[PDB]
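Worksheet for the structure shown next.
Both backbone and side-chain heavy atoms feed into the values below; hydrogens, waters and symmetry mates do not. In what follows, chains carry the letters A, B, and so on, assigned in the order in which the sequence lines appear, proteins first and then strands, with residues in each chain numbered from 1.
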Amino acid sequence: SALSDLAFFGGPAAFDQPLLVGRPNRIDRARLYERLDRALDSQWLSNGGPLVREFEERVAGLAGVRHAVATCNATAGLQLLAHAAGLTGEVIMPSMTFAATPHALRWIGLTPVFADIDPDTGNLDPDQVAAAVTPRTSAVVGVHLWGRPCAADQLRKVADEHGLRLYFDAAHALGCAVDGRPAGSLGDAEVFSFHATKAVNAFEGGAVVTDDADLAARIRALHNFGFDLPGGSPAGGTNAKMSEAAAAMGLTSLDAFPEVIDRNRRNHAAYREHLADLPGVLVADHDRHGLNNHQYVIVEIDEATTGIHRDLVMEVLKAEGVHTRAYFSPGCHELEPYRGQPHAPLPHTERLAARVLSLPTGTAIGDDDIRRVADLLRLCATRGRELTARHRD
Amino acid sequence: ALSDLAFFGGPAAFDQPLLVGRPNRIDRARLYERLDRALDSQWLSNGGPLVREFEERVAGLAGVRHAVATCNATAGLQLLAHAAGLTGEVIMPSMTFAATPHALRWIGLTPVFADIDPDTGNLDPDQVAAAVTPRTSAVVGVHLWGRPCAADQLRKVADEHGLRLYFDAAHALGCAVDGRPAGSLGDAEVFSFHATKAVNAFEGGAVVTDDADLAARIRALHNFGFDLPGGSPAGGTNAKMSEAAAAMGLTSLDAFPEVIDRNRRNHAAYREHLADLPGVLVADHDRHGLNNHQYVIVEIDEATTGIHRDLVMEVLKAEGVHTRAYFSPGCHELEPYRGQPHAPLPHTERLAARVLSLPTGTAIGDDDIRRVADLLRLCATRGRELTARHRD
Ligand SMILES: Cc1ncc(COP(=O)(O)O)c(/C=N/[C@H]2[C@H](O)[C@@H](O)[C@@H](OP(=O)(O)OP(=O)(O)OC[C@H]3O[C@@H](n4cc(C)c(=O)[nH]c4=O)C[C@@H]3O)O[C@@H]2C)c1O
Ligand SMILES: Cc1ncc(COP(=O)(O)O)c(/C=N/[C@H]2[C@H](O)[C@@H](O)[C@@H](OP(=O)(O)OP(=O)(O)OC[C@H]3O[C@@H](n4cc(C)c(=O)[nH]c4=O)C[C@@H]3O)O[C@@H]2C)c1O
């Protein structure tokens, strides 16, 4: 049995070099330090300095909008948006997303309201929205899943119908577009993320982008103790400021972006090719949905076809030093404190959540690495039944 | 002559601007070494080693077992509130930076303001019980300018009303009273490591406590509530400190003891250079217990000097001396609190209208102290004339 050579089965782990989904993409150290030197020299370290402003600029350009406010992280970005907009009560959003989408709002007292995805896209289904609306609904927050843009036009249409605002969690969408429109320019306002793990990172950081100047001014003021906000806000304000240092990392990362995308695309094609003709394993075709950054390599594992559940596949690879993640599983509607509360039906969400597996990518991964993983996946898929059986023992 | 004051058209007194809040320089080499190691490892956030070491150093300095490093002190308070399960009302001073009440308002809590002990500037424990209500969940004091709060007495009160006691220890790192370090005084305390503090991490803060459970709850919630068996009604958020911030903070802590010493020296120089100056009173923090002296504060008595705190600021400002009123006015006069109903806060108001923060830190030398002082001495000796000429 080739299964016994499986470290998972107590065999020897095939390789010494660990592969990790999320590995930050390398940068030009020299460029970063200059940037840091310059800020240290000026003694201007935070509170709206020149690096942040520069970043905000590039960021907004990329979104195809006029304004951007740089933040400490995207989650805080969601909170400012909500507060700045005076959102109240319920917010309709997919359950198929990272915990931060609902939690960000729940943290500041809002009520996430979960609606199903369009199984063909993985994004919030506009046709499921209306049924979720109530006297308490203030808005709709869609998620460009894996960078695929939502059906904003349709979503917008429903929104309108119920006198609701329309925003997007564009955490994964930097550099993505649909029908030539870039993500960040589709909602009333959108939130980007610059976490260490994204295509573009600033250690920790985010940005709220919008074409709405007034809205933009409120967010800016609220992110700075509510200072300089005529009339203030019932929320008061907070600290969600991006320091010059993060902006330094942020700009240097934006610099590498073009090449990161390229590698991402290449890595993607590579996986596609290495996993070709493998029943029950499918490489997610992000391209079908518009221009994608390819920061996420996702496959769906069909347990019926393969005879092995995604989870087990995960474990098997982890044992081999290949760290994958299930982005996302389960749906947020199954996480605390949502877990067990009444929710609209979410069969599409639940089904996808159980099949998804994210594989290592970015500048840290090359062909050889790819093959090693594809090969491991191919083994699992073609010998699932026996692998599961042997595990079952 | 006043005609000379750059504020009266005259030429600006010195060219090298002095800034309250200028960050103390650091050992860049030690900084870059740290950054390099983080970059190399490819571990940039999410509880990295620098962050862990920092938390360890910070907790030791606070005189407690645990510390959770955050993206900022404001978020620190929010994690603390939610982790704690606070609800409804929270009693705190109005004599503080906006962030104390705002931090809480932001997450839907109601700040309840109480007056300060005019003789300290800290939440007067007396005034506390009066503000209690059935909505009241906790008491949050502010170690004003590093000055340790009368914690014990406050605890008593808290205890009697079944409340919780926490402190916004934003400026209290390394301050102490009767040998007890700021950070070990309340149920938990929050420090700030903003670029402008004694200890800088660009942006950052930390929640310290001896309460291991609280500590773990704080930790889980700062990371989207992950690994919090049972979760929380708040859900969770992201308030993590990156390894980059940690690198800076460690470097900053490396130089802290020396900073304090310099600060201490600075204060003495200002004290001496400002003697025999009625209505211009150098705040003696030390009387409140050991202080790190990051804040050089003077009270301007308008009736005595014949010149208002504000105009003095303006005058100094024109001379290249950038000062700040820490804090003016009281939070109660701040939106959204403003206009809404509060207890009487005469002490807060009095104090708020007099305070003035002077430049200090490693960049401030004796010579500079002289220049500021000679500048203040003039305003306070010719308040009348100056004030009046202005008003033309
Ligand atoms: C839809 C959506 N909305 C909102 C947000 C919130 O935006 P932010 O507030 O974070 O700016 C996110 C975040 N989405 C991101 C999270 O930011 C990231 O922490 C990770 O959520 P975790 O999986 O819990 O992080 P972690 O388990 O510590 O690391 C994940 C993988 O990355 C690797 N890694 C991680 C870091 C930090 C590193 O420095 N190096 C590294 O190799 C280790 C591991 O294999 O991925 C999510 C999809 C999101 O996906
Ligand atoms: C009692 C209390 N609780 C809680 C907090 C919240 O801690 P954090 O969430 O920020 O970690 C604070 C913060 N207290 C600090 C604030 O952190 C700081 O922004 C500054 O509040 P601002 O005056 O509104 O920021 P800014 O006007 O840009 O700084 C004023 C002075 O600092 C100088 N400066 C500032 C920066 C950012 C710099 O990089 N270099 C520099 O020289 C310029 C100027 O003379 O001082 C406050 C008392 C606090 O005092």
Side-chain angles (χ1 to χ4, degrees), chain A residues 1-25 146 197 263-264 266-285 294-331 334 350-393, chain B residues 41-43 46-47 226-227 229:
Chain A
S1 238
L3 313 205
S4 344
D5 314 344
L6 294 182
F8 180 82
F9 285 120
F15 299 82
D16 274 10
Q17 163 82 47
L19 308 181
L20 281 166
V21 49
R23 222 202 268 288
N25 284 321
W146 308 318
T197 61
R263 183 99 67 112
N264 283 358
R266 161 165 41 108
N267 283 357
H268 166 92
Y271 274 110
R272 214 181 26 237
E273 73 150 313
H274 293 305
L275 295 163
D277 312 296
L278 196 49
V281 180
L282 13 140
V283 191
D285 216 3
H294 292 287
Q295 101 186 289
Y296 282 116
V297 174
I298 260 104
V299 305
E300 287 179 58
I301 297 319
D302 197 323
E303 171 185 57
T305 300
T306 70
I308 180 165
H309 195 280
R310 187 274 314 287
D311 291 351
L312 194 49
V313 165
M314 268 211 6
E315 287 200 69
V316 177
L317 289 46
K318 182 150 238 91
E320 287 308 315
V322 180
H323 310 87
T324 57
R325 309 284 324 271
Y327 286 151
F328 306 91
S329 161
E334 297 205 49
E350 312 192 336
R351 182 195 161 283
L352 185 52
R355 317 157 41 87
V356 308
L357 188 65
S358 216
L359 309 175
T361 197
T363 67
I365 289 295
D367 326 315
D368 288 339
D369 299 307
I370 293 169
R371 227 192 80 256
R372 149 190 186 190
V373 0
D375 279 357
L376 243 189
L377 275 185
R378 183 166 291 278
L379 172 64
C380 291
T382 66
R383 316 261 312 253
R385 284 171 216 286
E386 170 195 333
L387 212 179
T388 294
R390 164 148 184 200
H391 173 55
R392 226 191 292 278
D393 265 42
Chain B
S41 79
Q42 297 195 277
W43 195 340
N46 295 17
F226 290 143
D227 307 310

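Proximity of a side-chain donor or acceptor of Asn267(A) to a complementary backbone N or O of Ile370(A) within less than 3.5 Å is not detected. Listed for the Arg266(A) side chain is no donor-acceptor partner under 3.5 Å among the backbone atoms of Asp367(A). With hydrogens and angles ignored, the 3.5 Å screen pairs no side-chain donor or acceptor of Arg355(A) with any backbone N or O of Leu282(A). Between the side chain of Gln42(B) and the backbone N or O of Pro24(A) there is at least one donor-acceptor pair closer than 3.5 Å. A side-chain donor-acceptor contact under 3.5 Å links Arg263(A) to the backbone of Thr363(A). The backbone N or O of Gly331(A) sits nowhere less than 3.5 Å from a side-chain atom of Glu350(A) that would complete a donor-acceptor pair.
Residues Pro360(A) and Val322(A) have side chains in contact (heavy-atom distance under 4.5 Å, counting atoms from C-beta outward). For the pair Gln295(A) and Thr361(A), the minimum side-chain heavy-atom distance is 4.5 Å or more. The shortest distance between side-chain heavy atoms of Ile298(A) and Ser358(A) falls below 4.5 Å. Put simply, the side chain of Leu377(A) reaches to within 4.5 Å of the side chain of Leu317(A), judged on heavy atoms.
Of the N and O atoms on the side chains of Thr388(A) and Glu303(A), not one donor lies less than 3.5 Å from an acceptor on the other residue.
Take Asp369(A) and apply the salt bridge (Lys or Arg N to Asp or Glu O under 4.0 Å) test, not counting sequence neighbours, and it matches no residue.
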Hey, can you pull the donor-acceptor pairs under 3.5 Å for the side chains in residues 9-22 of chain A, sequence neighbours left out?
none

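Atom-to-atom distance recorded for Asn264(A):CG and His294(A):NE2 is 8.0 Å, nearest 0.5 angstrom.
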